[PDB]
Amino acid sequence: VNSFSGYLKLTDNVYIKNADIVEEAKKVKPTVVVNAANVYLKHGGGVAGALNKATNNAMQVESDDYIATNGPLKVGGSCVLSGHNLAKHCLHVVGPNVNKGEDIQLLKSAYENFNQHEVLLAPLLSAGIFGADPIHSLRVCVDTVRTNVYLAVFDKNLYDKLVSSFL
Ligand SMILES: O=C1CC[C@@H](c2ccccc2)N1Nc1ncnc2[nH]c(Br)cc12
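Residues numbered from 1 in each chain as written, not as in the entry; some residues may be left out. Heavy atoms only, no water.

In its metadata, the entry names X-ray crystallography as the structure determination method and reports 1.0200 Å as the resolution.

Enquirer: Break down the overall build of the protein chain for me, with residues and values.
Expert: Scanning the protein chain from terminus to terminus reveals six helices and seven strands. When the helices and strands of the protein chain are placed in sequence order, the string is β-β-α-β-α-α-β-β-α-β-α-β-α. Here the C-alpha atoms of the protein chain give a radius of gyration of 15 Å, agreeing with the 15 Å that 2.2 N^0.38 yields for 167 residues. If you line up the protein chain on its principal axes, its C-alpha atoms span 45 × 35 × 30 Å. By residue count, 51% of the 167 residues in the protein chain fall in the buried class. In the protein chain, 66% of the contacts between residues at least 6 apart in sequence involve partners at least 24 apart. Accessible area of the protein chain: about 8,100 Å², with a carbon and sulfur share of 51%. (Helix = DSSP H or I, 4+ residues; strand = E, 2+ residues; numbered from the N terminus. Rg over C-alpha atoms; globule rule 2.2 N^0.38 Å. Buried < 20%, exposed > 50% of the residue type's maximum accessible area, 1.4 Å probe, protein only. Contact = heavy atoms within 4.5 Å. Areas by Shrake-Rupley, 256 points an atom, 1.4 Å probe, with all protein chains shown as cover.)

Enquirer: Tell me about unusual backbone geometry, residues and numbers included.
Expert: The residue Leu41 is not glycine, and still its phi comes out positive at about 50°. Examined against the element boundaries, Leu41 turns out to sit in the loop between β3 (32–36) and α2 (46–54). For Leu41, a relative accessible area of 0% puts it in the buried group. In this structure, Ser126 takes a positive phi of about 65° despite not being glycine. As for its position among the elements, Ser126 is in the loop between β6 (119–122) and α5 (134–144). Given a relative accessible area of 2%, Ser126 falls into the buried group.

Here it is, written out as structure tokens:
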């Protein structure tokens, strides 16, 4: 039993809700919140910009130190950093950005990072400003993640379409 509330159950382990991931994180304080990161951990917009703003830029300060020490992430890769006031940990995961021309096959590799954590609050990777089809992203999530994932979808119109079309 965990503290997530109001989710529709898609599969044994995948759940979905129309919610702002920022407000959901602030309420649940999950062990792991997933960020829709880029390789430079520059949290300027989309989910990343919103999560970082909610930390009063502390996520960005921590991220800049991480990059100065370790260099950029790989597309499809991840790193674990602090969750600040939102969660215990933030798993920064880099899905391919279609608006940069990156290989959508890397989306499965991106979701594989979730399997290192028993329970996660997460957005749909490569959706939104990353330019991929969110229906496809949900399919890859369901077919790749085996741990318990609670997906927050900000756009209500998109949420209804994802549910109505789910196989
Ligand atoms: O609906 C969706 C589906 C695609 C996803 C997204 C991911 C990265 C960049 C842009 C969009 N997205 N957006 C949010 N998903 C969850 N929580 C959110 N909070 C805010 Br603000 C936006 C937001």
